[PDB]
Every structure is written in C-alpha cells, then in structure tokens.
$ cat query03.txt   # compact mmCIF, C-alpha atoms
# COMPACT_ATOMS: atom_id res chain seq x y z
CA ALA A 106 146.43 122.32 59.82
CA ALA A 107 149.82 120.87 58.86
CA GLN A 108 151.18 117.52 60.06
CA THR A 109 154.90 117.55 59.27
CA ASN A 110 156.78 114.33 58.48
CA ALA A 111 153.45 112.59 57.94
CA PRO A 112 153.24 109.22 56.19
CA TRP A 113 153.78 109.76 52.48
CA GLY A 114 150.20 108.70 51.82
CA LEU A 115 148.70 111.45 53.96
CA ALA A 116 151.06 113.99 52.40
CA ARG A 117 150.10 112.75 48.92
CA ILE A 118 146.35 113.20 49.39
CA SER A 119 146.90 116.84 50.40
CA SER A 120 149.39 117.48 47.59
CA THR A 121 149.18 118.23 43.89
CA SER A 122 152.61 116.58 43.68
CA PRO A 123 154.38 113.48 44.98
CA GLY A 124 157.48 113.63 47.11
CA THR A 125 156.21 115.86 49.92
CA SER A 126 156.08 114.85 53.58
CA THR A 127 153.60 117.31 55.13
CA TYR A 128 149.90 116.47 55.44
CA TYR A 129 147.66 119.54 55.11
CA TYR A 130 144.04 119.36 56.20
CA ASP A 131 141.24 121.48 57.60
CA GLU A 132 141.42 121.15 61.37
CA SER A 133 137.81 119.93 61.45
CA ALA A 134 139.58 116.70 60.47
CA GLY A 135 136.42 114.65 60.04
CA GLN A 136 134.93 115.67 63.40
CA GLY A 137 131.29 114.62 63.53
CA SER A 138 131.79 111.92 60.89
CA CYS A 139 132.06 108.17 61.37
CA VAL A 140 134.07 105.53 59.53
CA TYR A 141 133.25 101.85 59.93
CA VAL A 142 136.36 99.74 59.36
CA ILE A 143 134.92 96.38 58.27
CA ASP A 144 137.95 94.16 58.55
CA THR A 145 139.86 92.22 61.24
CA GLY A 146 138.77 94.54 64.06
CA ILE A 147 140.42 97.56 65.64
CA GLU A 148 142.78 97.66 68.58
CA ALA A 149 140.74 100.51 70.04
CA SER A 150 143.17 100.83 72.96
CA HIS A 151 145.91 101.99 70.56
CA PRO A 152 147.04 105.46 71.75
CA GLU A 153 146.85 106.66 68.16
CA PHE A 154 143.04 106.52 68.18
CA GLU A 155 142.57 108.79 71.25
CA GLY A 156 139.46 106.92 72.34
CA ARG A 157 137.76 107.66 69.01
CA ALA A 158 138.05 104.01 67.94
CA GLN A 159 135.94 101.16 69.28
CA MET A 160 134.67 97.73 68.29
CA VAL A 161 130.93 97.74 67.58
CA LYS A 162 130.51 94.23 66.13
CA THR A 163 132.34 90.94 65.77
CA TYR A 164 131.35 87.59 64.29
CA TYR A 165 134.06 85.65 66.13
CA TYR A 166 134.83 84.72 69.72
CA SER A 167 136.60 88.06 70.20
CA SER A 168 136.21 91.58 68.85
CA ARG A 169 139.96 92.05 69.31
CA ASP A 170 142.08 92.50 66.20
CA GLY A 171 144.44 89.54 66.47
CA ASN A 172 145.67 90.24 62.93
CA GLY A 173 146.60 93.94 62.73
CA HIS A 174 145.09 94.61 59.30
CA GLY A 175 141.90 96.24 60.59
CA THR A 176 143.88 98.24 63.12
CA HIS A 177 146.15 99.33 60.27
CA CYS A 178 143.22 100.43 58.10
CA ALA A 179 141.53 102.18 61.02
CA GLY A 180 144.80 103.98 61.68
CA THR A 181 144.93 105.22 58.10
CA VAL A 182 141.33 106.42 58.36
CA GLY A 183 141.50 108.34 61.61
CA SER A 184 144.54 107.77 63.79
CA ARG A 185 146.06 111.01 65.04
CA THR A 186 149.40 110.48 63.28
CA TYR A 187 148.61 108.07 60.43
CA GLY A 188 144.98 109.01 59.77
CA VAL A 189 143.32 111.12 57.10
CA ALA A 190 140.36 112.18 59.28
CA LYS A 191 142.18 112.68 62.57
CA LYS A 192 138.94 113.49 64.46
CA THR A 193 136.52 111.05 62.88
CA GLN A 194 134.87 108.31 64.93
CA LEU A 195 136.10 104.81 64.09
CA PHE A 196 133.76 101.84 64.42
CA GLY A 197 135.20 98.35 64.05
CA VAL A 198 133.26 95.54 62.40
CA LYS A 199 135.29 92.34 62.70
CA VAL A 200 134.13 90.26 59.73
CA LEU A 201 137.60 88.74 59.18
CA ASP A 202 139.09 86.28 61.65
CA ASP A 203 142.64 86.62 62.89
CA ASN A 204 144.15 85.25 59.67
CA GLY A 205 142.26 88.01 57.93
CA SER A 206 139.91 85.48 56.31
CA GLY A 207 136.13 85.47 56.46
CA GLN A 208 133.16 83.76 54.86
CA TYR A 209 131.20 85.92 52.44
CA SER A 210 128.08 85.48 54.58
CA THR A 211 129.94 86.96 57.56
CA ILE A 212 131.21 89.84 55.42
CA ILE A 213 127.71 90.43 54.01
CA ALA A 214 126.20 90.41 57.51
CA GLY A 215 128.83 92.93 58.60
CA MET A 216 127.90 95.27 55.76
CA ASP A 217 124.20 94.94 56.56
CA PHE A 218 125.12 95.56 60.20
CA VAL A 219 126.77 98.88 59.34
CA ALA A 220 123.76 99.99 57.28
CA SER A 221 121.66 99.63 60.44
CA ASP A 222 124.22 100.39 63.15
CA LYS A 223 124.89 103.90 61.81
CA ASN A 224 121.40 104.78 63.08
CA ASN A 225 122.77 103.82 66.51
CA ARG A 226 125.73 106.22 66.16
CA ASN A 227 126.02 110.00 66.25
CA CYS A 228 127.41 110.90 62.81
CA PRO A 229 125.87 114.27 61.89
CA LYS A 230 128.53 114.87 59.23
CA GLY A 231 127.98 111.45 57.65
CA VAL A 232 129.02 107.81 57.67
CA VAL A 233 131.82 106.07 55.77
CA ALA A 234 132.59 102.36 55.56
CA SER A 235 136.10 101.16 54.75
CA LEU A 236 136.16 97.63 53.29
CA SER A 237 139.80 96.57 53.07
CA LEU A 238 138.74 93.08 52.05
CA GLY A 239 137.99 91.25 48.84
CA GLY A 240 137.65 87.88 47.17
CA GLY A 241 136.28 86.38 43.98
CA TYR A 242 133.19 87.90 42.41
CA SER A 243 130.00 87.43 44.41
CA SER A 244 126.77 89.16 43.40
CA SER A 245 125.60 88.80 47.01
CA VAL A 246 128.71 90.56 48.34
CA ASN A 247 128.37 93.24 45.67
CA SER A 248 124.69 93.73 46.52
CA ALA A 249 125.62 93.96 50.21
CA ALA A 250 128.07 96.77 49.45
CA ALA A 251 125.49 98.48 47.23
CA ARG A 252 122.96 98.22 50.07
CA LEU A 253 125.46 99.77 52.47
CA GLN A 254 126.10 102.55 49.95
CA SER A 255 122.37 102.99 49.32
CA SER A 256 121.75 103.24 53.07
CA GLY A 257 123.60 106.56 53.18
CA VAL A 258 127.11 105.27 53.91
CA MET A 259 130.07 105.96 51.71
CA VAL A 260 131.40 102.52 50.93
CA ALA A 261 135.06 102.54 49.94
CA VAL A 262 136.39 99.11 48.99
CA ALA A 263 139.77 97.77 47.95
CA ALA A 264 140.18 96.98 44.27
CA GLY A 265 142.12 93.87 45.24
CA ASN A 266 145.78 92.97 45.08
CA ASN A 267 145.70 90.62 42.10
CA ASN A 268 147.17 92.88 39.38
CA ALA A 269 144.01 91.97 37.49
CA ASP A 270 140.83 93.68 36.40
CA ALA A 271 138.78 94.24 39.54
CA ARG A 272 135.63 93.19 37.65
CA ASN A 273 136.25 89.64 38.92
CA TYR A 274 136.46 90.65 42.59
CA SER A 275 133.91 91.58 45.24
CA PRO A 276 132.97 93.98 46.60
CA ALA A 277 135.45 95.68 44.25
CA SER A 278 133.22 95.10 41.22
CA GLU A 279 130.10 96.67 42.78
CA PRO A 280 129.70 99.88 40.73
CA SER A 281 127.71 101.89 43.28
CA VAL A 282 130.49 101.78 45.91
CA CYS A 283 133.91 103.43 45.59
CA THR A 284 136.53 100.95 44.39
CA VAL A 285 140.01 102.11 45.42
CA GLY A 286 143.19 101.06 43.67
CA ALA A 287 146.64 101.42 45.18
CA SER A 288 149.42 103.83 44.20
CA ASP A 289 152.98 104.11 45.50
CA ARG A 290 154.88 107.18 46.66
CA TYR A 291 156.25 107.74 43.14
CA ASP A 292 152.69 108.12 41.75
CA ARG A 293 152.93 104.69 40.13
CA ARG A 294 150.10 102.17 40.24
CA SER A 295 151.06 99.69 42.93
CA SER A 296 152.32 96.57 41.16
CA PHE A 297 149.68 94.48 42.95
CA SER A 298 146.84 96.99 42.53
CA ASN A 299 143.81 95.77 40.65
CA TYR A 300 142.58 98.01 37.85
CA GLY A 301 139.74 98.25 35.35
CA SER A 302 136.74 100.41 34.58
CA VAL A 303 135.20 99.64 37.98
CA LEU A 304 137.93 101.50 39.87
CA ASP A 305 136.81 104.98 40.87
CA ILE A 306 139.91 106.41 42.58
CA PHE A 307 143.45 105.53 43.58
CA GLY A 308 144.79 106.03 47.06
CA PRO A 309 148.22 105.59 48.60
CA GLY A 310 148.58 101.83 48.79
CA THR A 311 152.26 100.84 48.87
CA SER A 312 154.32 101.00 52.08
CA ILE A 313 151.57 102.65 54.11
CA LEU A 314 152.69 103.35 57.67
CA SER A 315 149.80 103.07 60.12
CA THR A 316 148.82 101.63 63.49
CA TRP A 317 149.32 97.97 64.31
CA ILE A 318 148.28 95.64 67.10
CA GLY A 319 150.26 95.65 70.30
CA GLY A 320 150.10 99.44 70.31
CA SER A 321 152.76 99.42 67.60
CA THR A 322 153.04 100.61 63.98
CA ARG A 323 154.10 99.07 60.70
CA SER A 324 154.23 99.73 56.98
CA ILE A 325 152.37 97.32 54.69
CA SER A 326 151.06 97.41 51.14
CA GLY A 327 147.70 96.69 49.55
CA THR A 328 144.66 98.23 47.90
CA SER A 329 143.24 97.45 51.35
CA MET A 330 145.44 100.37 52.35
CA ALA A 331 144.57 102.79 49.67
CA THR A 332 140.97 102.21 50.78
CA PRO A 333 141.16 103.81 54.28
CA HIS A 334 142.81 106.86 52.71
CA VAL A 335 139.75 107.43 50.51
CA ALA A 336 137.44 106.42 53.37
CA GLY A 337 139.18 108.87 55.69
CA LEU A 338 139.16 111.50 52.94
CA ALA A 339 135.40 111.14 52.47
CA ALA A 340 134.80 111.45 56.21
CA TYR A 341 137.03 114.53 56.06
CA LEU A 342 135.17 115.96 53.07
CA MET A 343 131.71 115.20 54.49
CA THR A 344 132.55 117.00 57.75
CA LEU A 345 133.63 120.02 55.69
CA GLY A 346 130.21 119.83 54.06
CA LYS A 347 131.88 119.42 50.67
CA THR A 348 129.95 116.25 49.81
CA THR A 349 127.57 113.58 51.08
CA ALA A 350 127.81 109.80 51.33
CA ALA A 351 125.86 109.26 48.10
CA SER A 352 128.19 111.66 46.28
CA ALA A 353 131.52 111.35 48.11
CA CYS A 354 133.10 108.93 45.64
CA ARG A 355 131.94 110.99 42.67
CA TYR A 356 133.17 114.12 44.47
CA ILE A 357 136.56 112.62 45.34
CA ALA A 358 136.99 111.60 41.70
CA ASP A 359 135.94 115.06 40.48
CA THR A 360 138.44 116.70 42.84
CA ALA A 361 141.14 114.02 42.53
CA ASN A 362 144.55 114.69 41.05
CA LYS A 363 144.18 113.78 37.36
CA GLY A 364 146.59 112.03 35.02
CA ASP A 365 149.47 111.92 37.50
CA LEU A 366 149.68 108.16 38.07
CA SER A 367 151.84 105.98 35.83
CA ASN A 368 151.23 102.38 34.77
CA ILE A 369 147.48 103.00 34.84
CA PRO A 370 146.17 100.53 32.23
CA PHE A 371 144.07 101.88 29.39
CA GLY A 372 140.46 102.20 30.54
CA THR A 373 141.30 102.66 34.23
CA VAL A 374 140.77 106.07 35.82
CA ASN A 375 143.96 108.05 36.40
CA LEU A 376 142.67 109.72 39.55
CA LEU A 377 144.52 110.09 42.86
CA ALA A 378 142.61 110.95 46.04
CA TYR A 379 143.17 114.61 46.86
CA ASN A 380 141.68 116.61 49.73
CA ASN A 381 142.01 119.91 47.78
CA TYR A 382 142.86 121.59 51.08
CA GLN A 383 144.20 125.11 50.59
CA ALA A 384 146.04 126.21 53.73

$ encode --input "query03.txt" --output "structure tokens"
Amino acid sequence: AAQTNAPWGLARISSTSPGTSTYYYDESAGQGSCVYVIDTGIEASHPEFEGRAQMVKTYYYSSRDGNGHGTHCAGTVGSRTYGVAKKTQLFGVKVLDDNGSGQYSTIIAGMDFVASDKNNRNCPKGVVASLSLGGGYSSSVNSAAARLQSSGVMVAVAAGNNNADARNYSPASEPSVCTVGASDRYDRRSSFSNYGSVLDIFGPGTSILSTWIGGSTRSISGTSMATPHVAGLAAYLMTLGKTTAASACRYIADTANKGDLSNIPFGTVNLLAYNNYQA
C-alpha cells in the first residue's frame, strides 16, 4: 500500500531516505494487533480512528481526552491518515489528567492494567503499549514498564524531552522496554530529544501531524511522538509475523535505518525506525 502526501514521519519510517512524502506499508496494516496508548486518553469518536479506537480505562472523572496528547499519539499509532498501523486496534488508558500530568502510582497502575487487560482483548497478532509520558527516574515506574514488557506487550516509551541522558527518566531508563528518541524530518536528533545508551530506536518526533481533540488535527513535537511511530511500527511488524512483543524492539533496531541521524551523541544508537516494506 502507498499513502501519498502522508505525514513526513510515516513516510520516513517506510523510507531509506529523508525527504519523501509517501508512506509505504503492507496493507495488513497492523490488523489483528492492539496498541494501548497510555496517556491522556483517546478521542475515540475522531473519524480518523474508524471505530478502531476506544477508551478501556481511566483514573479520572472522565475517560475523555481533554488534553489532545493521547489522541495525538493514538493517531500516530493507528489513525487512517496519520497512523503507522492503520488497521490496529487502539486502546486508551488515561493515566494523565487533562493537563497531561499524572501521579506515578496512577501511571504504574495503568501499566499493570494493560498487562492484564490485553487478556480481555482480541489481539492475535500481538499487543503494543505506547507510553508517551515520562518524569524523573523511578524504579517503581521502570519496574512497571518492565512488567508490562514481560507480560507479552511491546512497551515503547518516550526518551523524554529534556535534551539529557534518558538514564535519569522513567520509564525511559527501563532497559527491557523500547526507549524512543525523537528525530526531525531532516534526520537530525530533535533538539529536545533525550539520548543515552538506554535509547533503543529513534522515531519521527518533531512536527508530527496527527489527530487532535475536537475531531481536529495538529502538529506537535516530542519524544512522546516518536514513541507512537515505533509502537505503531511494532504492531505493524507483529501482524506481518516479522517479530513478537518480546523481540519487537530488538527487531526494529536490527531493521532500523543505521547511521543516518545527525547530532546523535556518542554512545547513543543511530537507529531510525524503518518498516523495511518493499512494495
């Protein structure tokens, strides 16, 4: 399949080269896979999700995304226009309130929820969790992400937007999950993107056009926005049978575009998420 005039991020993950605008992907498109977007919630009613998105858990008075961030990340995972896995199932876990903040206990409970709730969902191709959140280091938040990963979910997490080593951020510093840094359309590390040995992959992170609340769209930047690319890519790869949840991050890194990003600090992987699709 070929989605012309796609967001640069989608085009980049299906390209060996920057500066293309067409997203190429196997039409299976993550069908039969599931991606939990653990974030501010998902506006499931957004036409871009085609009824494949839905809130499964909130820790606040409403499951509605009153922020837009979770809807934006869900749109990058699996929205029809802005999504990597255009036929994956999207499950919203609202662990962040409508300023996009959340206590670590709430975030941890949301991760533990996904580890169990995937047994309540039909995901024969596999389960992915997109964690476009992060704060200071917390061994309990790291362990929660490791548990989610261990449960048979691909956990993709944002490296953080601190322009620092992601070792001091959670769940970015959890080694078992897939820590995603942010790159821009010119294959440069996003100026805000965290780095360090803990990063496993870079995704498109700067000026990422995706769904927004109010049935709208907008372009925003963050490692939180490279993350749904990798999360959607895993869901896409797992559906193709190319990899499993335990091995998706290692597989994405093996198949990533190598040595093409600039301003990657010494010691940080120079790997850009790549679907390796050959049309």

$ axis_aligned_box --input "query03.txt" --around "segment 251-262 of chain A" --padding-each-side "8 Å" --output "lines of an AutoDock Vina configuration file"
center_x = 129.1
center_y = 102.4
center_z = 50.6
size_x = 30.6
size_y = 24.3
size_z = 22.7

$ residues_around --input "query03.txt" --residues "residue 249 of chain A" --least-positions-apart "5" --cutoff "10 Å" --atoms "all atoms listed in the file" --output "list in words"
residues 210, 212, 213, 214, 215, 216, 217, 220, 243, 244, 254, 255, 275, 276 and 279 of chain A

$ residues_around --input "query03.txt" --residues "segment 177-186 of chain A" --least-positions-apart "5" --cutoff "6 Å" --atoms "all atoms listed in the file" --output "ChimeraX atom specification"
/A:142,153-154,191,193,315-317,333-334,337

$ write_last_selection --input "query03.txt" --atoms "C-alpha atoms" --output "JSON list (two decimals), in the frame of the given file"
[["chain", "number", "residue", "atom", "x", "y", "z"],
["A", 142, "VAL", "CA", 136.36, 99.74, 59.36],
["A", 153, "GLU", "CA", 146.85, 106.66, 68.16],
["A", 154, "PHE", "CA", 143.04, 106.52, 68.18],
["A", 191, "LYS", "CA", 142.18, 112.68, 62.57],
["A", 193, "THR", "CA", 136.52, 111.05, 62.88],
["A", 315, "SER", "CA", 149.80, 103.07, 60.12],
["A", 316, "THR", "CA", 148.82, 101.63, 63.49],
["A", 317, "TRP", "CA", 149.32, 97.97, 64.31],
["A", 333, "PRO", "CA", 141.16, 103.81, 54.28],
["A", 334, "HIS", "CA", 142.81, 106.86, 52.71],
["A", 337, "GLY", "CA", 139.18, 108.87, 55.69]]

$ atom_distance --input "query03.txt" --atom1 "atom CA of residue 158 of chain A" --atom2 "atom CA of residue 146 of chain A"
10.3 Å

$ closest_residue --input "query03.txt" --among "A:356, A:382, A:187, A:113" --to "residue 305 of chain A" --atoms "only C-alpha atoms"
A:356

$ atom_distance --input "query03.txt" --atom1 "atom CA of residue 129 of chain A" --atom2 "atom CA of residue 328 of chain A"
22.7 Å

$ closest_residue --input "query03.txt" --among "A:136, A:367, A:224, A:329" --to "residue 294 of chain A" --atoms "only C-alpha atoms"
A:367

$ residues_around --input "query03.txt" --residues "segment 306-310 of chain A" --least-positions-apart "2" --cutoff "9 Å" --atoms "only C-alpha atoms" --output "PyMOL selection string"
chain A and resi 113-115+117-118+283-290+292+294-295+298+304+312-313+325-335+354+357-358+361+366+374-379

$ closest_residue --input "query03.txt" --among "A:293, A:262, A:229, A:311" --to "residue 123 of chain A" --atoms "only C-alpha atoms"
A:293

$ residues_around --input "query03.txt" --residues "residue 211 of chain A" --least-positions-apart "2" --cutoff "12 Å" --atoms "only C-alpha atoms" --output "PyMOL selection string"
chain A and resi 143-145+162-165+198-202+206-209+213-218+245-246+249

$ atom_distance --input "query03.txt" --atom1 "atom CA of residue 157 of chain A" --atom2 "atom CA of residue 188 of chain A"
11.8 Å

$ residues_around --input "query03.txt" --residues "residue 303 of chain A" --least-positions-apart "5" --cutoff "7 Å" --atoms "all atoms listed in the file" --output "ChimeraX atom specification"
/A:271-272,278,280,284

$ closest_residue --input "query03.txt" --among "A:140, A:251, A:384, A:260" --to "residue 230 of chain A" --atoms "all atoms listed in the file"
A:140

$ closest_residue --input "query03.txt" --among "A:203, A:148, A:359, A:131" --to "residue 161 of chain A" --atoms "only C-alpha atoms"
A:148

$ residues_near_point --input "query03.txt" --point "(136.7, 119.1, 60.0)" --cutoff "9 Å" --atoms "all atoms listed in the file" --output "PDB file with C-alpha atoms, in the coordinates of the input"
ATOM      1  CA  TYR A 130     144.040 119.360  56.200  1.00  0.00           C
ATOM      2  CA  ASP A 131     141.240 121.480  57.600  1.00  0.00           C
ATOM      3  CA  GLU A 132     141.420 121.150  61.370  1.00  0.00           C
ATOM      4  CA  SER A 133     137.810 119.930  61.450  1.00  0.00           C
ATOM      5  CA  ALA A 134     139.580 116.700  60.470  1.00  0.00           C
ATOM      6  CA  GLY A 135     136.420 114.650  60.040  1.00  0.00           C
ATOM      7  CA  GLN A 136     134.930 115.670  63.400  1.00  0.00           C
ATOM      8  CA  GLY A 137     131.290 114.620  63.530  1.00  0.00           C
ATOM      9  CA  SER A 138     131.790 111.920  60.890  1.00  0.00           C
ATOM     10  CA  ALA A 190     140.360 112.180  59.280  1.00  0.00           C
ATOM     11  CA  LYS A 191     142.180 112.680  62.570  1.00  0.00           C
ATOM     12  CA  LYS A 192     138.940 113.490  64.460  1.00  0.00           C
ATOM     13  CA  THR A 193     136.520 111.050  62.880  1.00  0.00           C
ATOM     14  CA  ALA A 340     134.800 111.450  56.210  1.00  0.00           C
ATOM     15  CA  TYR A 341     137.030 114.530  56.060  1.00  0.00           C
ATOM     16  CA  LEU A 342     135.170 115.960  53.070  1.00  0.00           C
ATOM     17  CA  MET A 343     131.710 115.200  54.490  1.00  0.00           C
ATOM     18  CA  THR A 344     132.550 117.000  57.750  1.00  0.00           C
ATOM     19  CA  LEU A 345     133.630 120.020  55.690  1.00  0.00           C
ATOM     20  CA  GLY A 346     130.210 119.830  54.060  1.00  0.00           C
TER      21      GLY A 346
END
